[PDB]
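Student: Take this structure first; my questions come after.
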There are 2 protein chains.
Amino acid sequence: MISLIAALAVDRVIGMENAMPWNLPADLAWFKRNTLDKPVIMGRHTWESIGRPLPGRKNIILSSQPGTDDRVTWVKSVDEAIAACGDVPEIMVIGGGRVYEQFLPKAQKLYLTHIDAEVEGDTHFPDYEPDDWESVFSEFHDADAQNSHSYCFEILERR
Amino acid sequence: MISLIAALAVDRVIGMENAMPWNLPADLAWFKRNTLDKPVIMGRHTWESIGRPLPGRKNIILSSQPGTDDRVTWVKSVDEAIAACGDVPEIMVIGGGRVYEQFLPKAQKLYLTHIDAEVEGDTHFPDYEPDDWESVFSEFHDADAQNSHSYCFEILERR
Ligand SMILES: CN(Cc1cnc2nc(N)nc(N)c2n1)c1ccc(C(=O)N[C@@H](CCC(=O)O)C(=O)O)cc1
Ligand SMILES: CN(Cc1cnc2nc(N)nc(N)c2n1)c1ccc(C(=O)N[C@@H](CCC(=O)O)C(=O)O)cc1
């Protein structure tokens, strides 16, 4: 199955011009723990903000143009994206906006991180009807010496 | 010799209750690069903010109270701190504010990261007389897909 993994500030903002202005090592740790050993699908802008292959994971990048790095996999469509995954139990879609909108429909599960931050951005998570998703986990955490803002982990399953 | 390394937002703000609201991997690599194979000196607050010993370097934490982690060196005075460094060509002071303030009068060099981040914080970098320091390097960078805010690296030598 397909799962999307994302980190949302208030109002589902998930992106802007430059890197999101927050320091959340706790989020990244969760990102890793839930993506390790799986295939990762991301769009070109997300690949740029990451700038190097994610280890231990199979990296597939969506782009209408030829790729720029021999290290990872490049695909030109959603269907090639999947097919490149092979037979696998779970597929993780990691950003950005455009990719999420195309994939939200195929997804069975969501991995959200609701961050208590208000930032002005140009990219939003797509809307989703809770009355379609069943929350199967959730856990909040206050900000601290390591994480710049409060955040809460949450997992939902398509009903 | 003693050197202080620090990242400053506008008005010398260096800290607050929780981790700073920025995301600057480029700053981190500069930090790793200028600290490599050197003893690092930090205050308790900064140790808790890092969360683990920095690898391949000697960690020395200042605290008026008994240490609580066997993997790092705890000391009770600036002197003990220096003595634990031993005979080395460069000692690095990584924060926070109370620490910097003690060691600035002894520093021969400052490795500054000037960030175009305007944040609300309680802690400041001490004040330094410019006619006291020589600027021996600077390198600016615009914010990007990886770095949340613009930044400029600097290196000054005490005259
Ligand atoms: C910016 N980008 C995309 C990114 C970041 N946080 C997110 N957070 C969540 N929850 N979901 C996402 N899809 C998301 N995507 C990144 C950038 C760096 C790393 C990264 O360093 N990850 C390392 C973790 C390394 C480290 O822990 O410093 C890893 O091995 O997963 C991941 C994603
Ligand atoms: C929060 N804190 C203190 C910190 C952060 N940035 C600074 N930036 C500058 N310029 N100077 C400092 N003293 C400074 N201190 C940290 C937090 C994490 C790491 C850290 O992981 N550094 C790794 C770098 C790992 C990486 O490259 O991702 C190291 O190897 O030293 C360091 C300092």
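How things are named: the first chain in the structure tokens is A, the next is B, and so on; residues count from 1 in each chain; ligands count from 1 in the order shown.
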Hey, which residues come within 8 Å of ligand 2 if we count only C-alpha atoms and all ligand atoms? Could you give them as a PyMOL selection string?

Tutor: (chain A and resi 146) or (chain B and resi 4-8+19+25+27-33+35-36+46-47+49-51+54-55+93-96+111-113)

Student: Take the residues just selected and output them with N, CA, C and O atoms as a short mmCIF file (atom, residue, chain, number, x, y, z; two decimals), in the first residue's frame.

Tutor:
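Dumped everything to again-v8.cif:
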data_model
loop_
_atom_site.label_atom_id
_atom_site.label_comp_id
_atom_site.auth_asym_id
_atom_site.auth_seq_id
_atom_site.Cartn_x
_atom_site.Cartn_y
_atom_site.Cartn_z
N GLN A 146 15.78 21.18 22.24
CA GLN A 146 16.17 20.65 20.96
C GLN A 146 15.26 20.90 19.79
O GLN A 146 15.72 20.97 18.65
N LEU B 4 36.08 31.10 20.51
CA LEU B 4 34.64 31.00 20.74
C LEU B 4 33.93 30.80 19.39
O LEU B 4 34.25 31.49 18.48
N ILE B 5 32.97 29.87 19.24
CA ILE B 5 32.29 29.69 17.99
C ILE B 5 30.83 29.99 18.24
O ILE B 5 30.29 29.46 19.16
N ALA B 6 30.16 30.84 17.45
CA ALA B 6 28.74 31.06 17.78
C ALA B 6 27.90 31.49 16.60
O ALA B 6 28.39 31.99 15.60
N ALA B 7 26.59 31.31 16.69
CA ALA B 7 25.70 31.72 15.60
C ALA B 7 24.86 32.85 16.14
O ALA B 7 24.16 32.67 17.10
N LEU B 8 24.87 34.01 15.57
CA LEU B 8 24.08 35.10 16.10
C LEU B 8 22.84 35.61 15.31
O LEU B 8 22.93 35.98 14.16
N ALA B 19 14.83 25.58 21.48
CA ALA B 19 15.73 25.66 20.34
C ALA B 19 15.35 26.79 19.43
O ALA B 19 14.16 27.06 19.26
N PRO B 25 21.54 23.87 8.16
CA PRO B 25 22.47 22.77 7.94
C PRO B 25 23.83 23.31 7.55
O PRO B 25 24.84 22.81 8.05
N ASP B 27 25.12 25.99 8.52
CA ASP B 27 25.79 26.42 9.76
C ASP B 27 26.38 25.23 10.55
O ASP B 27 27.48 25.29 11.11
N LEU B 28 25.64 24.12 10.56
CA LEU B 28 26.07 22.94 11.25
C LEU B 28 27.37 22.37 10.70
O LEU B 28 28.28 21.93 11.45
N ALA B 29 27.49 22.36 9.37
CA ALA B 29 28.71 21.82 8.77
C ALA B 29 29.95 22.72 9.00
O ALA B 29 31.14 22.33 9.08
N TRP B 30 29.68 23.98 9.13
CA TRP B 30 30.76 24.89 9.39
C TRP B 30 31.17 24.60 10.81
O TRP B 30 32.36 24.56 11.17
N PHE B 31 30.14 24.40 11.64
CA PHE B 31 30.45 24.10 13.04
C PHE B 31 31.25 22.81 13.19
O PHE B 31 32.26 22.70 13.91
N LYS B 32 30.81 21.82 12.48
CA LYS B 32 31.54 20.56 12.58
C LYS B 32 32.94 20.74 12.07
O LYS B 32 33.90 20.28 12.68
N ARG B 33 33.05 21.42 10.96
CA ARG B 33 34.35 21.64 10.38
C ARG B 33 35.33 22.43 11.26
O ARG B 33 36.48 22.06 11.38
N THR B 35 35.44 22.58 14.52
CA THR B 35 35.51 21.94 15.82
C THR B 35 36.16 20.59 15.77
O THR B 35 36.46 20.00 16.79
N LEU B 36 36.35 20.10 14.57
CA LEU B 36 36.96 18.81 14.36
C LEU B 36 38.25 18.67 15.14
O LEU B 36 39.10 19.56 15.11
N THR B 46 23.55 24.45 26.94
CA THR B 46 23.93 24.06 25.57
C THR B 46 24.12 22.47 25.47
O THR B 46 23.88 21.77 24.45
N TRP B 47 24.57 21.83 26.55
CA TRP B 47 24.75 20.39 26.46
C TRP B 47 23.37 19.69 26.28
O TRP B 47 23.12 18.82 25.39
N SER B 49 20.93 20.97 25.02
CA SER B 49 20.37 21.30 23.70
C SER B 49 20.92 20.48 22.55
O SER B 49 20.32 20.35 21.51
N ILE B 50 22.10 19.94 22.76
CA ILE B 50 22.79 19.10 21.81
C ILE B 50 22.32 17.66 22.00
O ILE B 50 22.05 16.94 21.07
N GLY B 51 22.21 17.25 23.27
CA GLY B 51 21.72 15.92 23.60
C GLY B 51 22.60 14.66 23.55
O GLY B 51 22.17 13.56 23.91
N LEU B 54 29.38 15.20 21.15
CA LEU B 54 29.68 15.49 19.77
C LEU B 54 30.78 14.50 19.53
O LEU B 54 31.66 14.38 20.33
N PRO B 55 30.73 13.77 18.46
CA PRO B 55 31.76 12.76 18.19
C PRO B 55 33.10 13.29 17.84
O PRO B 55 33.19 14.42 17.42
N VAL B 93 34.94 27.01 22.44
CA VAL B 93 33.88 27.38 23.39
C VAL B 93 32.60 27.52 22.53
O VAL B 93 32.46 28.43 21.69
N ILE B 94 31.67 26.57 22.73
CA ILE B 94 30.44 26.52 21.96
C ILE B 94 29.15 27.13 22.49
O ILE B 94 28.12 27.03 21.80
N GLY B 95 29.19 27.75 23.66
CA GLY B 95 27.97 28.38 24.22
C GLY B 95 27.71 27.92 25.64
O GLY B 95 28.40 27.05 26.16
N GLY B 96 26.72 28.47 26.33
CA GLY B 96 25.83 29.48 25.86
C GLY B 96 26.34 30.79 26.22
O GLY B 96 27.56 30.99 26.22
N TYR B 111 34.56 32.80 15.80
CA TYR B 111 34.07 32.21 14.58
C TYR B 111 32.61 32.46 14.67
O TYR B 111 31.90 31.72 15.39
N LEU B 112 32.19 33.51 13.97
CA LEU B 112 30.83 33.94 13.97
C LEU B 112 29.92 33.61 12.75
O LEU B 112 30.30 33.70 11.61
N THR B 113 28.67 33.26 12.99
CA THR B 113 27.79 33.02 11.90
C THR B 113 26.72 34.11 12.06
O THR B 113 25.96 34.04 13.00
#

Student: Output the contact residues of chain B with respect to chain A at a cut-off of 10 Å, based on only C-alpha atoms, as a ChimeraX atom specification.

Tutor: /B:15-24,45-51,117,142-150

Student: Compile the contact shell of residue 71 of chain B as a PyMOL selection string: residues with an atom at most 8 Å away, counting only C-alpha atoms, same-chain residues fewer than 2 positions apart removed.

Tutor: chain B and resi 53+69+73

Student: Quick one: pick out all helix (DSSP H, G or I) residues within segment 41-94 of chain A from a backbone DSSP run and write them as a list in words.

Tutor: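 Reading the DSSP output for segment 41-94 of chain A, helix (DSSP H, G or I) covers residues 44, 45, 46, 47, 48, 49, 50, 78, 79, 80, 81, 82 and 83 of chain A.
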
Student: Give me, as a count of residues only, the residues of chain B that a backbone DSSP run labels strand (DSSP E).

Tutor: 54
